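Report on one structure; see the data block that follows.
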Amino acid sequence: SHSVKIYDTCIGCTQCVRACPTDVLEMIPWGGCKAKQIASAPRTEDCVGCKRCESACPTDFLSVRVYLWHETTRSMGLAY
Amino acid sequence: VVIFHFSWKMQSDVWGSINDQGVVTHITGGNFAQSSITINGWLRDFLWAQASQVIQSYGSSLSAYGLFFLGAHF
Amino acid sequence: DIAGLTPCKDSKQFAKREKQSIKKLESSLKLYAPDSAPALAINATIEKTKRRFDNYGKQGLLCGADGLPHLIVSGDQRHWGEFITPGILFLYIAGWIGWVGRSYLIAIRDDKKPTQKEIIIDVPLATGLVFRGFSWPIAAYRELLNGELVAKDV
Amino acid sequence: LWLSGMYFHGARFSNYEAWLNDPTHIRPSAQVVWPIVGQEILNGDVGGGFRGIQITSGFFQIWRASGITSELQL
Amino acid sequence: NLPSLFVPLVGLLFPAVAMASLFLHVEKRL
Amino acid sequence: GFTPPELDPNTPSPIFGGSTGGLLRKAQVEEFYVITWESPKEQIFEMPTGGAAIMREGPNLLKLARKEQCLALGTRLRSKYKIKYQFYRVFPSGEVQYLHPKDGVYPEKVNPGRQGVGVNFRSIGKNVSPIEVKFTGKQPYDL
Amino acid sequence: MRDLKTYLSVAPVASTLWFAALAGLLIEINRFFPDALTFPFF
Amino acid sequence: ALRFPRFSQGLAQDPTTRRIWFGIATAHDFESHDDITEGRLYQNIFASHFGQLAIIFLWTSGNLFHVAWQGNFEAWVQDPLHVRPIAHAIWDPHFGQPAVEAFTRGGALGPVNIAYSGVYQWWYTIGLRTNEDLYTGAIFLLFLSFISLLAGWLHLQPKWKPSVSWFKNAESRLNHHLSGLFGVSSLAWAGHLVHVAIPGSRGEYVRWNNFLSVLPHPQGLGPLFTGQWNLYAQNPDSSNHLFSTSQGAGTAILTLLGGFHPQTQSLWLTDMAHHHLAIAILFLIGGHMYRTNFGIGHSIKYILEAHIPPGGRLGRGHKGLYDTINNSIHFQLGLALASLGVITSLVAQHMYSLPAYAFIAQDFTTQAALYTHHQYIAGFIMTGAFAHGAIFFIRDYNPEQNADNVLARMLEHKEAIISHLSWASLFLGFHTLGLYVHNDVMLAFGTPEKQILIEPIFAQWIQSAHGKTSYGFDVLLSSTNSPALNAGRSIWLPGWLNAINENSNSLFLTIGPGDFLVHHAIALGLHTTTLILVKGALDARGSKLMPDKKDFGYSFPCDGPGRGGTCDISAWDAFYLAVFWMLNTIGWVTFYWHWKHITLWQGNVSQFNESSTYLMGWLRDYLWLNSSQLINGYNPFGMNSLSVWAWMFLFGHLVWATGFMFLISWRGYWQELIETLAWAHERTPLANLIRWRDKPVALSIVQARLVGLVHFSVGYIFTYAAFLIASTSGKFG
Ligand code: CLA
Ligand code: CLA
Ligand code: CLA
Ligand code: CLA
Ligand code: CLA
Ligand SMILES: CC1=C(/C=C/C(C)=C/C=C/C(C)=C/C=C/C=C(C)/C=C/C=C(C)/C=C/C2=C(C)CCCC2(C)C)C(C)(C)CCC1
Ligand code: SF4
Ligand SMILES: [Ca+2]
């Protein structure tokens, strides 16, 4: 499945989790930023690779990174 | 393809010059039946043959069409 | 002459082109009446053709075997009117355009919305800057020596 | 406005009155170019003592079918 | 006479055997 | 501590005439998904696969072919209407796997019982050059 | 009035007026000095 | 592993058809395969080299076999200028009777294709005379292909596979390549010329049976060990000499005449033998530069470390470049492809102007085909050189080990390099197009005298500098007083000046304003193609838009629609865009070459000099006019031997236009379409008893760009090859 990583530049705006169409991102508690929360990708087996999360990250540079990897039935978006 | 069909059909089987005695010679010599059943015929007996006027229009009042030909290619 | 070319005043093909062009226009002229407006138009084109060929042959243009003026841009002083002189004129005009536009961008870069004066031109500011390009080779050269033309460390 | 331009060019810069007397030999023309950079070559011999650009819009046929004769009506 | 034997042997029999064998290997599982 | 609701079969399904965007052989031999929601009344809702269906009053069960179809329908159930929803995965063996909302809390809301997965503790530009991971099964972002 | 002058200063209108004046000037230059492959005044 | 491809698990675990495609497209990318090491990398490369050599030997072996079997070589030697050489025989059961009739030519029993590679002239000039000689060479190359496979297999078992340290022995490899591979081979080729080719060119058939008895020179060997080498140049062949005979034959074996053999119009066979001997011994001495196991020589590392200008205008100079290249096989392949593409274009420019094979200058179809072939080959090689330069920057470039040397400084001012390449392409494009349009408008308005025809006076001055009189600039070689002329009158200048001013050959053809405009289009094509490849190679590790591109690899689809859109942002896409410009550039180059020669061969150079100055002349007087016999290869009234080109002509138009579909239309449309087709199959009776074992999906975005580019390139090459050969061989002149 595609690899997804979260870097500590994240500010905790929870925008990558809202844009995700397959529920791959989560918001866990953290102590690094002001919102006391950082993102994590515990369900990349359902990740399709749309990079809709990267389109919504306000960090420069991005804090969500989607590295397209080995394609599976779930990652290819097949209903058949 | 529709308009090329129209052009070749009209220039081959209709449009032409009529004699005083009733002899009609079309703009192209009825070449539609034998030439248009082939892609090479469409390339040669239609494009290569009828583009002569536009590639020879320089120095005449039709030279603007010769310029637009190449500009549209561009 | 140069590169095996012959001056157009000496070339026979050059004079044959002038003949055939004028005779072709005259062939179009016989179709119309001597008092007609197409006649005066074709006569004016013939006179304009004679003027063009005569001017090309008078200013020392070199002709090839085709009877067409070939230009020599090597810098030979006999043909500076073919490139170097009009090129210096261009570089003067091009530098004028670039320098005036640059002066405009510098003047509006400190505005509250610099993009506002880029899509809606400040014509008063433009009219005051259009004539600074007249002395652009000087104002640019001084800005070169004073370190004002190039942004430091970019 | 476009139709106004069409009828006005048929009235002012055209040979419609000449095409009306010999419709089979005259070429319909309604645009005449200015002589500036040699483009007057595009003012070709269209017949009826006229140098212009042959038109294919067919306004001459329409104006004849409607009964228009003089430039004043256009 | 030799073209009448080798031309079909490389344009018909060879691609037939090659495409069928490659199909079996590509679709094979372990 | 949270306990996911078990999937209850024989739960009513919305009124629908049928469409060609439904399940295929993937549901038979690979996997399929099932979304459930409560709803207050009988309504009409656009199907993520075809046209429109009549959402039954009370518990609703809807089987789809992809997970993204479930979350998309759930998001619309949460926006247009005000309906909570869960969805699961169903393998051909009959096993059911709870998916979303995982914690019972929506993923956009921080929850204390969640662990970090794939969280790199450096700037994104601090990754290494690919030569430093050459001939290894590593990537400059897996670390 | 001030709004009308601000509209005339927009990029397309300023471009048309500027390029129309430029086109007319070059046309008159090639009208009083047609052809000319060279700079004849030396 | 578990299934195809066994080298990639992620591809093997793909449930869709994408598993097959990517398994084929990544078979040779050894560095991406699972469990690869530096040893296995160099070893697979080594064996692949042997397999390639085996391919080349087998290919040449087959060419000899057909020329000797179904060809005309024995009959062609008797009439070099009146026999059409035969490639092979045609056996197509789809032929009608007239197709058999029209294709039977060259003096054969069945339908045959007329060879246009020039191997007949090549083999006749080197001494091959009978079909038996060609059979002997084919067996030897078939045997050489066998031992190539033998060595490839040999170095794949343990104790024969070398260590990566052996591959990284650059000093020893350069010494042997310069001494043995370059020099000794050229020395032995000079030996073949002075033993078999030159005596074969004088009527003496020297073969392996009698080469031990004949003397290459009457007073052989003796003078070579004395220093009186000039005795080998005393009696050349007369200017009235026939190649296969002895009337006018001499006895010299090493000369420097400089011109052509008047009959064959090819270079002097003695000049070529002396040439190879001189460059060989120059390679032999040059191959002793670097240090090995004898305590003398240079360390290429130390030479690179010492070349650092004080003042630091190049920073740390070339420090670290040794290990940077010796550890990166992509760097080495980039340099190899760059140098090979340059000398490939060098071969193209010299084989048409300085023909070295007898009776090949009159075979106009062969000259046009050979020049076009090598120029497109060189164009692809140049695109690959820059492609692997970008691949090096991503996969192998270590920024810390190249700190502040020339290589890192290229990245440090990437914007300067890319912007100026852009300015030069803009300048050339704006003006070259503008001048062409100006002349087009002038000739439209019937005023040719108003064109802007600039004289290519700088290249004319160079041609006069070589002794050409057509421009009369009175410089060296063209002026009687210059010492460059006096120093060479004794040697090469007689034959050289005799050939350059001959109005039949193409040694420095006469150039006019049309050639000035085309050469600037060439400059536009070179500059823009360089711009694309360089911007991609420098922005391959990162950009302001994607500062971490190096993490995503060389070839990836994109980075998503975010940040404005990032389509075609990888360096692979830069290569993919540059191939269109490469094809366009080589198209301009070859359109230029073919038109100038096809008007020269027709004796009508005025049509080119007057019509190449405006683009309507290129469309009308070149493509349209020469396509006549081609497109009439088959008409409603029959066909001739040119029909195979009329068909391939349209075939190339189809493949090319098919590539537009892959390049214009993109993936998501076809994925949804395939979904609607998968439903159709599952719901259709009878057919649903057949189940696909790989899920149907649309082609990948990168795969689509590649497939579209391949269709575009194949159609490009095949369309022009069909027109080129049919328009030239249809006239044969
Ligand atoms: C790469 C070299 C090469 C090439 C391009 C060709 C091409 C051609 N050959 Mg030929 N051939 C070759 C080598 C080659 N041959 C060699 C070395 C021999 C033995 C001396 C032959 C003997 C031969 C005969 C007898 C005939 C042909 C014929 C033909 C033509 C019809 C196609 C065919 O029958 O396939 C080729 C058939 C073969 C038996 C050749 C294959 C055997 C050699 C050793 C190649 C090794 C093949 C190997 C298993 C796979 C190669 C890997 C890859 C490079 C393909 C065709 C144009 C036929 C013809 O004339 O058409 C009218 C025909 O009658 N060939
Ligand atoms: C590249 C190799 C190749 C070869 C050697 C042939 C050879 C032949 N083709 Mg073919 N063709 C090819 C490629 C080839 N084709 C390709 C790539 C295409 C796609 C564009 C076509 C499309 C094509 C069409 C549309 C037709 C042919 C036809 C023919 C036959 C016409 C000559 C004839 O009348 O014989 C004799 C004619 C017969 C009917 C006798 C048949 C020969 C026997 C039955 C063969 C026995 C087959 C054998 C048992 C099993 C073969 C497969 C096996 C190796 C696994 C001929 C034998 C014509 C044809 O087949 O006629 C119906 C025809 O209709 N071809
Ligand atoms: C004040 C305007 C201005 C100035 C001073 C420059 C200056 C420069 N440009 Mg540039 N450019 C401009 C506008 C300008 N540009 C615009 C509007 C575009 C979009 C079409 C471009 C697109 C462009 C490209 C693609 C490139 C440059 C490049 C360059 C540099 C090399 C010279 C050149 O190639 O110019 C050529 C100029 C053009 C191709 C278009 C110019 C259009 C007009 C003449 C300029 C606009 C004038 C402005 C509207 C006047 C405002 C009036 C004001 C008083 C109200 C140079 C420093 C090159 C570079 O990178 O340097 C190495 C290069 O590759 N420019
Ligand atoms: C000695 C020269 C040489 C060598 C050793 C290599 C070696 C390599 N190249 Mg490379 N390359 C070269 C020259 C070379 N290249 C040239 C000249 C070009 C310019 C065209 C390229 C452009 C290029 C690109 C863009 C890429 C590589 C890549 C690679 C690497 C993997 C290749 C692979 O496995 O894919 C397998 C290759 C194939 C399966 C070939 C299939 C496609 C061919 C062209 C189709 C055949 C054409 C047509 C169908 C046949 C004729 C039609 C018919 C009707 C007659 C590999 C180490 C790839 C890489 O790994 O990047 C890091 C990569 O993406 N190369
Ligand atoms: C004198 C000893 C010697 C010799 C003769 C060679 C020879 C060769 N080595 Mg080798 N090598 C040596 C020592 C030697 N090596 C040593 C000591 C080492 C250890 C450091 C190596 C390590 C080594 C490696 C790692 C590799 C080679 C490789 C090669 C082959 C290069 C590919 C090729 O054939 O291109 C041919 C080159 C030429 C013909 C000369 C240059 C060609 C010029 C530039 C252009 C053509 C000239 C002329 C115009 C052509 C006219 C055309 C007409 C005839 C049709 C080649 C046959 C490669 C290989 O193994 O391939 C299997 C490779 O990978 N060698
Ligand atoms: C990207 C990259 C890369 C690649 C690159 C390339 C591809 C380059 C190239 C290039 C090229 C492609 C070049 C070319 C060249 C050439 C030259 C540089 C030359 C020369 C010479 C001269 C100077 C001459 C002289 C003479 C003589 C000798 C005699 C006669 C006269 C004359 C003058 C001609 C690499 C991998 C590295 C790295 C990474 C990055
Ligand atoms: S790429 Fe799409 S599916 Fe994957 S984590 Fe990002 S938003 Fe979710
Ligand atoms: Ca010559």
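Following the order of the structure tokens, chains are lettered A, B, ..., residues in each are numbered from 1, and ligands are numbered from 1.
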Could you tell me, counting only C-alpha atoms and all ligand atoms, which protein and nucleic acid residues lie no more than 8 Å from ligand 3, written as a count of residues only?
-> 28
Report as a Markdown table: every residue of chain H with an atom at most 7 Å from ligand 8, its closest pair of atoms, and their distance in Å to one decimal, counting only C-alpha atoms and all ligand atoms, with rows sorted by chain and ascending residue number.
```
| residue | atom | partner | partner_atom_place_in_ligand_line | distance |
| --- | --- | --- | --- | --- |
| H:499 | CA | ligand 8 | 1 (Ca) | 6.4 |
| H:500 | CA | ligand 8 | 1 (Ca) | 4.5 |
| H:501 | CA | ligand 8 | 1 (Ca) | 4.9 |
| H:502 | CA | ligand 8 | 1 (Ca) | 4.7 |
| H:503 | CA | ligand 8 | 1 (Ca) | 4.8 |
| H:504 | CA | ligand 8 | 1 (Ca) | 6.3 |
| H:505 | CA | ligand 8 | 1 (Ca) | 5.1 |
| H:506 | CA | ligand 8 | 1 (Ca) | 5.1 |
| H:507 | CA | ligand 8 | 1 (Ca) | 4.5 |
| H:508 | CA | ligand 8 | 1 (Ca) | 5.4 |
| H:509 | CA | ligand 8 | 1 (Ca) | 5.2 |
```
Would you give me, as a short mmCIF file (atom, residue, chain, number, x, y, z; two decimals) with C-alpha atoms, in the first residue's frame, the residues of chain G that come within 10 Å of chain C, using only C-alpha atoms?
```
data_model
loop_
_atom_site.label_atom_id
_atom_site.label_comp_id
_atom_site.auth_asym_id
_atom_site.auth_seq_id
_atom_site.Cartn_x
_atom_site.Cartn_y
_atom_site.Cartn_z
CA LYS G 5 -11.13 57.17 -16.27
CA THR G 6 -10.08 54.31 -13.99
CA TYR G 7 -11.74 51.88 -16.40
CA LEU G 8 -9.89 53.40 -19.37
CA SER G 9 -6.62 52.71 -17.52
CA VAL G 10 -7.28 48.95 -17.29
CA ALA G 11 -4.84 46.64 -19.06
CA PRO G 12 -6.86 45.70 -22.19
CA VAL G 13 -8.14 49.22 -22.93
CA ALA G 14 -4.72 50.79 -22.35
CA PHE G 33 8.72 55.29 -46.58
CA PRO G 34 7.50 52.01 -48.09
CA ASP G 35 9.64 48.91 -48.54
CA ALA G 36 13.17 49.86 -47.37
CA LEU G 37 15.34 46.84 -46.54
CA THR G 38 18.10 49.12 -45.22
CA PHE G 39 18.81 52.36 -43.35
CA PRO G 40 19.46 54.58 -46.39
CA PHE G 41 20.39 57.85 -44.67
CA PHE G 42 23.86 56.60 -43.59
#
```
So which residues are near ligand 5, meaning at most 7 Å away with only C-alpha atoms and all ligand atoms counted, given back as a PyMOL selection string?
-> chain H and resi 46-47+49-50+53+166-167+169-170+172-173+176-177+179-182
Rounded to one decimal place, report the atom CA of residue 239 of chain H-atom CA of residue 370 of chain H distance in Å.
-> 27.9 Å
Skipping near chain neighbours, those fewer than 6 positions away, what residues fall within 10 Å of residue 77 of chain H using only C-alpha atoms, listed as a list in words?
-> residues 83, 85, 120, 121, 123, 124, 128, 129, 130 and 244 of chain H
Generate a file of the selected residues that holds N, CA and C atoms, formatted as a short mmCIF file (atom, residue, chain, number, x, y, z; two decimals), in the first residue's frame.
```
data_model
loop_
_atom_site.label_atom_id
_atom_site.label_comp_id
_atom_site.auth_asym_id
_atom_site.auth_seq_id
_atom_site.Cartn_x
_atom_site.Cartn_y
_atom_site.Cartn_z
N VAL H 83 24.11 -1.94 -61.04
CA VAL H 83 23.47 -3.07 -60.38
C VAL H 83 22.86 -2.57 -59.08
N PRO H 85 21.87 -3.30 -55.55
CA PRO H 85 22.16 -4.35 -54.57
C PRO H 85 20.89 -4.89 -53.94
N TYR H 120 27.14 -3.31 -49.46
CA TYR H 120 27.77 -3.76 -50.69
C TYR H 120 29.03 -2.96 -50.98
N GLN H 121 28.91 -1.63 -51.00
CA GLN H 121 30.07 -0.78 -51.23
C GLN H 121 31.11 -0.94 -50.13
N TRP H 123 31.72 -3.65 -48.30
CA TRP H 123 32.40 -4.94 -48.40
C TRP H 123 33.28 -5.01 -49.65
N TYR H 124 32.89 -4.35 -50.73
CA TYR H 124 33.73 -4.33 -51.92
C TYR H 124 34.98 -3.50 -51.70
N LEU H 128 36.32 -7.83 -49.89
CA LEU H 128 35.40 -8.93 -50.16
C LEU H 128 34.96 -8.87 -51.62
N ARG H 129 35.03 -10.01 -52.31
CA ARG H 129 34.78 -10.03 -53.74
C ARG H 129 33.74 -11.05 -54.17
N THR H 130 33.69 -12.21 -53.52
CA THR H 130 32.76 -13.27 -53.89
C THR H 130 31.79 -13.54 -52.75
N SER H 244 38.71 -2.45 -59.64
CA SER H 244 38.87 -3.90 -59.64
C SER H 244 39.96 -4.38 -60.58
#
```
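Here the residues within segment 8-61 of chain F that DSSP labels strand (DSSP E) on the basis of the backbone are residues 32, 33, 34, 35, 36, 37, 43, 44, 45, 46, 52, 53, 54, 55, 60 and 61 of chain F.
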